[PDB]
């Protein structure tokens, strides 16, 4: 249901493979607040992933999907899952790209990327593989369309920390929360520096 992003440095619960800290993001690719939120928190989260402070769970839901936007939300989420299938790193780059200012369509706009453009963005993210057919076949469409109800999240962006609702403010606040959970890990202060710019 979520794409789990980690690195080889992941800090785990003693005697298990399970992350000590999991930050679950629930996003819609057409959600403007989500664009702002990801452009703001992204580098910090990526750093926290790299130093192994957290695992980052991404659930891309369909809640904004409509015929008016040409089902952009659902096609984009499905596409993202397709990419994650091939590569996790490719997913990081893809996910980041879709939320960049030059890319994310304006909700309520008349212009939205078709599947060919999503495919091309996947290529730029570093993967081809089965992704083109995974996207063209609409493999994940029904999945993503059901995700919102599945995980029971109807608002975006929504963030949870170890399954608990988390009201986010700044990247710094988040870094501090994670530090509260995992203690002082190598790099986490560096991550705070990333959070404050």
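Positions refer to the first chain, counted from 1.
The stretch 148-156 shows the higher mean C-alpha B-factor when 168-176 is compared against 148-156 in the entry. For the pair 69-77 and 108-116, the record assigns the higher mean C-alpha temperature factor to 108-116. Annotation for 31, 131, 51, 55: 131 ranks highest, by Cα B-factor. Looking at the C-alpha B-factors along this chain, the one for residue 43 belongs to the middle third. When all modelled residues of the chain are sorted by CA temperature factor, residue 181 is found within the middle third. In this PDB entry, residue 6 carries a Cα temperature factor that places it within the lowest third of its chain's modelled residues.
Annotation for residue 95: CA B-factor lies in the lowest third of the chain's modelled residues. Per the PDB record, residue ranking by Cα B-factor puts residue 62 in the lowest third of the chain.
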